[PDB]
Amino acid sequence: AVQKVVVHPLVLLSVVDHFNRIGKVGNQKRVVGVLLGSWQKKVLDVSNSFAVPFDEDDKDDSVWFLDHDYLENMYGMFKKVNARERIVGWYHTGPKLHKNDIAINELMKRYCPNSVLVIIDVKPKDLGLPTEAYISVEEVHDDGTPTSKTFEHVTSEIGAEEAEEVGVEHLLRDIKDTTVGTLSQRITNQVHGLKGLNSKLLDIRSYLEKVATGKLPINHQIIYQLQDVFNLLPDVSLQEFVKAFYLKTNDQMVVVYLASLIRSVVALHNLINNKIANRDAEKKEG
Amino acid sequence: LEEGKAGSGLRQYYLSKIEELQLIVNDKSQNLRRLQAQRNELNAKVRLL
Amino acid sequence: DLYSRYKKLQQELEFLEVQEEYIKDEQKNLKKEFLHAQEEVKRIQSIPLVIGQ
Amino acid sequence: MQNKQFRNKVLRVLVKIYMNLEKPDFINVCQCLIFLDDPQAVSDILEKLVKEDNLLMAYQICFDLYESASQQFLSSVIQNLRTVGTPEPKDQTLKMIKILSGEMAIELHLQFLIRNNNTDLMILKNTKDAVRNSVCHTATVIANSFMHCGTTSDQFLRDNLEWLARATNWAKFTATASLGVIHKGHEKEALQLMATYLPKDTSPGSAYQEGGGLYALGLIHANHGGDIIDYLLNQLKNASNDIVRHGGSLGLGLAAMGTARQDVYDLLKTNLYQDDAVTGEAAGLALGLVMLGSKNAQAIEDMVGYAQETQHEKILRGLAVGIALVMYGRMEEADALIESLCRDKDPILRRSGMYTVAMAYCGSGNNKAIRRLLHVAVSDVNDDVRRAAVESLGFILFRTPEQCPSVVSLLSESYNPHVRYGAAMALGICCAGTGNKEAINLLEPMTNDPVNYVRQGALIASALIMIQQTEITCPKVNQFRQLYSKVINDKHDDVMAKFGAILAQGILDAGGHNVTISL
Amino acid sequence: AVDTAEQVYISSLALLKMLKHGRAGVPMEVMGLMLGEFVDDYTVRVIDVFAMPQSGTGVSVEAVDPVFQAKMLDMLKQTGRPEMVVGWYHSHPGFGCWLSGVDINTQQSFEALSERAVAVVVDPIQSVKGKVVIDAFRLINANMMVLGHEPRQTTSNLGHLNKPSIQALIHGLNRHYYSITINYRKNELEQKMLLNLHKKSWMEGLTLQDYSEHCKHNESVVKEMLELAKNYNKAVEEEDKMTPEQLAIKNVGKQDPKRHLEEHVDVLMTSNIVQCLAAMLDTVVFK
Ligand SMILES: [Zn+2]
């Protein structure tokens, strides 16, 4: 159905507000809010949202608390002031996916249309993309397991419409734009290695552990395709790619010629002025 | 003796060569701070813009 | 004062040496601020507009 | 540029040569005692005063040792000298009594300053012409406080009562404080004159008179042994809100400076426990003064723990200056603390680290600080730490006035005007009291700018130089004329421009050229 | 008769909500409310900010429904937002950010409760995207006309309040009218979160995706751009052939505004992409 979605920073900043108004409780469990957007267009667009109280139980995990009246009131007034946005789905700040979440989402699965689930972290220590869009659909399982709600990963992007970019850029005055050049590119070319390093290290360890040491048949079948992807590159000897390396290095030579020639052109005015201005200043000095 | 007017002398002249190296540091700092003042002048110009 | 000139000059040496990393910081940062302000006044210009004479 | 690891031992082993000679020398023992600050170094020479049996030679060393260059060392040596002797018997008593007196100097200074006064009507007339009822109202009375300091003359303010109390504002507080600046060193006539104003119902409509009286009292009794502090506690015990807390913290905090008492610390804590920003800022200013040299262990963690838990900026800057001024001789100690607090998110605390490392590294003993000072000056986008940057630089480089304008020459014209302002303050404090023209010839581009901040800073910087200088040696005519044009240009300039202008003019006319400043 | 120095604290919450209110800033008159908590007299903080439904009457004291107001406020009280209303905000598109008669009248009516009553007017329509800077408004008393206008200390921030440097509206409407300074607040949480989110917004999901794409597009797309670059550079060089004549004639003064240098430098900067992505391709090929 939906190929990709658009998530604005405003809702995550509303989560920052959720971490703001806490006021030192001593509980700070997962808080379920109500996300709003436009389900009319194929691509999902998030504008703004509100917050609803959500509480659970220590021992029993099947306990979930929502409000129909508050939801209908907030959505009612929001629809009253703005008719260009309606209900879509919900989201939680919990780093882990609870089993009760299917029952929590079941409500909006009944009353509302199909809802999208978003998982974020309470502490922004994650370098990767904090927002993961998960569509709720029923898929046929190959192993023959009974049909249940399955969360499928949907690609997403973080962007703003018009004024939000200005607001962010003004409030920050730190981050820099694309700015094609040396430092902007080389920073990426440096840190990206760590971007892959910490992620892969955080992944393959728990992967290796849970595969051999673990149970609850999450359908490992896709991981054979994972390993297959890892085997899609059987150590190519580059012998066929030698010509490509030759063309690339030829382009490098072109870069060399361009650089040398252009710099040689720039050196003109400098290696003229450095003489003609100095000799004239010196002779007219006294 | 032949030290203070010899060894200490060539030591002071070695210090003069050090003053030459620090003269290189000096005028390098000079032209670098002049280029700095130039870039700051252009930045102040677009600031006026 | 002859032999004191050395030890007295060392302070000036260190003082002139400490300015290196300083002018490094200035020249590396102020160009980034330069392109920053450059793109700031560049983004001011927009395609939609009115044509006069 | 010694690290003090050797030089102190070198001097303390070099003070044994002159005691074996025919006569002692005051210059070397003074220069050493103001350096190593060792109690055992003065231990022999204090008890040799009786052995030598010479009164005239002891007066000099006693006077110049008790005059300056120590606080807790003096507080220790006074009781150390109090212990020595009876709890020439009759001569030693009057000697040991008179040497720690210090009131004589205040007497002769107040006297010669009373008889040297020379005033002109043109200046005061100009101030009364350029005065406004809002902004420069405080500038006029602070200028009056500047010129009337030491002469104890209230006759200039006895002209009219409608030039002061005509409106209710902080201007009356600054006026009373200005009066406190006018007269100093009075254990009787001060409180007497303050109580002579309205001793009727003992209930003034304006509390700024009482609070300002407390602040003035703190200004007068500062660094004295005649402290009324014992009474000031019960006077602070009175029931009020704005003036007792704030003015009391300022006055009592300034009066208790150097005492390092735990009582004033406790009451200051219970004064800052109300979470209020203003009285907590005054509490910070007072705490920084009274805790100097004490260096309490849990105080730092308590204050930095009290820092991020409040959103008010006043309490933040209050604790900032509080932890800034309290740090002395920590050069070999607090490095890790400053380095740890340098990475803090708070801009106020970031400036607080620089203000803290400022006075600690003074004397140009560390070249490491200026690295991160200039680094955080250029790199950081916030103008706060940038305008707070070169103050510490000027503080540590204050030794050589010539080298400063060269390295601040790039900060003469900066990107943001705040850096130009801080640099103006830098050229102001570094070239202060000196004859360096490197700032002076560069004052001409600084005196005219589209921004008013850098202009005002240039006025202050120009005010801190021309003071105590001969006109025949250097052509100051230009800057004097451009400074005298500021009052006639006030109509075509900014409201704060004329403020900083007359404020800059109050510097040269201060004390009638008699009193000056020295770093 | 006492007046201190007040400063309005503005967070990212109210800012972004006023940006959404900026998208809601259509010529149709709109209403808004601001909430917060007063710790003392000289400081004011705003946290909860929402919008209001549009009406045909426009902005008026009658437009505000008291029962609906108190209702929503109660709904905020039962939730985790225990803050009283600190005032109200609105938009004044295209006729200027100033206040009309009805506006100052309903302001006079709404300031009967709160002595402060912070007034904020946002007008993104004629406001360039270069600066989002906004100026908060205040209301002077009518009985202060005899005495001085503004008895406020801390005059150092007036230069920061000098941002509205327009030579008309300021000293034109200065009679019985004035403004107040604006500052922001940021902690480590918001800083790190928003910085990471924005950096990720300018980055990819796995971050290794669209890099190798351009790396392999260097031999297809960039090449044509390099050819065009050589075309423009040659178009400069043909004039550069004419330049040494002028350098052999005048040499005094510059009649050519064209720098001819920094642009070619930027061309080299675009040419360095191949070199920078070369090592990238090396890392991809290696492991
Ligand atoms: Zn209208």
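Neighbour counts are summed over all protein chains in view; Cβ atoms, including those assigned to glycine, are modelled from backbone coordinates with ideal geometry. Computed from the coordinates by the stated procedures, all read-outs in this text should not be read as laboratory data.
Data for the structure
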| item | result |
| --- | --- |
| Alpha-carbon centroid distance for the pair segment E:135-190 / segment D:14-91, whole angstrom | 60 |
| Kirkwood-Stokes translational diffusion coefficient of segment A:21-153, alpha-carbon pairs, 20 °C, 1.002 mPa s, µm²/s | 131 |
| For D:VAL13, E:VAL122, order by how many other beta-carbon atoms lie within 10 Å, fewest first | D:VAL13, E:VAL122 |
| Within a Gaussian network of chain E (alpha carbon springs, distance under 10 Å), most fluctuating of E:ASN251, E:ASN233, E:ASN143 | E:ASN251 |
| Size of the protein assembly as shown as Cα extents on the principal axes (Å, biggest first) | 114, 89, 76 |
| P(r) weight above 12 Å for chain B, C-alpha pairs, percent | 72 |
| Furthest towards positive pole of dipole, D:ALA369, D:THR310, D:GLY280, structure part segment D:260-390, Cβ charges | D:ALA369 |
| Average projected area [Cα convex hull, chain D], square nanometres | 27.2 |
| Expected 222 nm ellipticity per residue - DSSP helices of 4 or more, -39500 (n - 2.57), all of chain E, to 500 | -12000 deg cm²/dmol |
| Fraction of beta bridges assigned by DSSP in the protein assembly as shown that are antiparallel (%, nearest 5) | 65 |
| Average partner coverage of E:120-128, which counts Cβ from other chains inside 10 Å | 1 |
| Straight-distance crosslink candidates among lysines, where the alpha carbon sits under 27 Å from E:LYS258 and sequence neighbours closer than 8 are dropped | A:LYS275, B:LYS45, C:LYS28, C:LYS31, C:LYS32, C:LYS42, E:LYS223, E:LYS230, E:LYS234, E:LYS241, E:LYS250 |
| Greater than 19 Å apart at Cα, pairs in A:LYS80/E:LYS20; D:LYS9/D:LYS295; A:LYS123/A:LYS176 | D:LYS9/D:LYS295; A:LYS123/A:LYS176 |
| Per residue convex hull volume, Cα atoms of segment D:431-519, in Å³ | 97 |
| Spatial separation of Cα centroids for segment A:11-70 and segment A:168-226, in angstrom | 26 |
| Around A:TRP39: net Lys/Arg minus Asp/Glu count, Cβ-Cβ under 11 Å | +1 |
| Residue-wise HN-Hα coupling along segment A:154-166, computed from phi with Karplus coefficients 6.51, -1.76, 1.60 (Hz; x: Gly, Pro) | 10, 4, 9, 9, 9, x, 10, 7, 10, 7, 5, 4, 5 |
| Kirkwood estimate for segment D:331-379, i.e. one over the average of 1/r between Cα atoms, Å | 11.0 |
| Top of A:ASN198, A:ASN114, A:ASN250 by mean-square fluctuation, Gaussian network on chain A, Cα under 10 Å | A:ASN250 |
| Chain D: calculated mean residue ellipticity at 222 nm from DSSP helix runs of at least 4, using -39500 (n - 2.57) | -17500 deg cm²/dmol |
| Inter-chain shielding of E:49-61 (mean C-beta neighbours from other protein chains, 10 Å cut-off) | 2 |
| In sequence order, calculated HN-Hα J values of segment A:199-206 (Karplus, 6.51, -1.76, 1.60; Hz; x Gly/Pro) | 5, 4, 5, 6, 8, 4, 6, 5 |
| √(5λ) per eigenvalue of the Cα gyration tensor, segment D:470-519, largest first, Å | 23, 16, 8 |
| Segment D:112-216 shape via C-alpha gyration tensor axes, a/c threshold 1.5 | oblate |
| Rg/Rh for chain E, where both radii come from Cα atoms and Rh is the Kirkwood radius | 1.15 |
| Length-normalised contact order for chain A - Cα pairs under 8 Å, 6+ apart - percent | 13 |
| Highest-first arrangement of D:90-97, E:212-219, D:456-463, where packing means the average Cβ count within 10 Å | D:456-463, E:212-219, D:90-97 |
| Pairs of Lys in segment D:122-254 closer than 24 Å at Cα, counting only those 8 or more apart or on different chains | 9 |
| Value of Rg/Rh across segment D:31-113 [Cα atoms, Kirkwood radius] | 0.96 |
| Relative contact order computed over segment D:339-386 (Cα-Cα under 8 Å; 6+ residues apart), in percent | 38 |
| Rounded Å value of the spacing that divides the Cα centres of segment D:280-295 and segment D:371-434 | 26 |
| At 1.567 mPa s and 4 °C, Stokes D of segment D:293-433 from Kirkwood alpha-carbon radius, µm² per second | 84 |
| Hydrodynamic radius of chain C per Kirkwood, over alpha carbon pairs, in Å | 15.5 |
| Gain on full stretching of the segment that runs from A:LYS24 to A:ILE222 - 0.36 nm per residue minus C-alpha separation | 67.0 nm |
| Relative contact order (percent, whole number), segment D:403-519, Cα cutoff 8 Å, 6+ residue spacing | 27 |
| Listed pairs A:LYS79/E:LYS71; C:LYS8/D:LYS368; D:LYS314/D:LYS345; D:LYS486/E:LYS131; A:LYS248/E:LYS287 exceeding 24 Å between Cα atoms | D:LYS486/E:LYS131 |
| Computed [θ] at 222 nm, helices only, for chain A once each DSSP H run of length n ≥ 4 contributes -39500 (n - 2.57) | -15000 deg cm²/dmol |
| Cut-off under 5 Å, modelled amide H: who pairs with A:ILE135 long-range | A:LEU117, A:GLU152, A:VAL154 |
| Rg over Rh, two decimals, segment D:362-504 (C-alpha only, Kirkwood Rh) | 0.98 |
| Residue with peak Gaussian network fluctuation, chain E [Cα springs, cutoff 10 Å], from E:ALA119, E:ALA168, E:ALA136 | E:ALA168 |
| Cα coordinate range in segment D:260-305, projected on the principal axes (Å, largest first) | 26, 19, 15 |
| Ranked packing of A:69-78, D:385-394, most packed first, by mean Cβ within 10 Å | D:385-394, A:69-78 |
| Viscosity 1.567 mPa s, 4 °C: Kirkwood-radius Stokes-Einstein D of chain A over Cα pairs, µm²/s | 53 |
| Ascending count of other beta-carbon atoms within 10 Å, so fewest first, for D:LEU164, D:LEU411 | D:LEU164, D:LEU411 |
| Packing-based order for A:90-97, D:339-346, D:351-358, D:512-519, using average beta carbon neighbours within 10 Å, highest first | D:351-358, A:90-97, D:339-346, D:512-519 |
| Alpha-carbon gyration tensor eigenvalues x 5, square-rooted, for segment E:20-177, Å | 26, 21, 17 |
| A:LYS99-E:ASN157 pseudo-label distance in nm [points 7 Å out on the Cα-to-Cβ vector] | 5.6 |
| Cα principal axis extents for segment D:238-334, largest first, Å | 44, 30, 17 |
| Normalised convex hull volume, segment D:49-185, alpha-carbon set, Å³ per residue | 167 |
| Averaged over A:176-184, number of beta-carbon atoms from partner chains that fall within 10 Å | 5 |
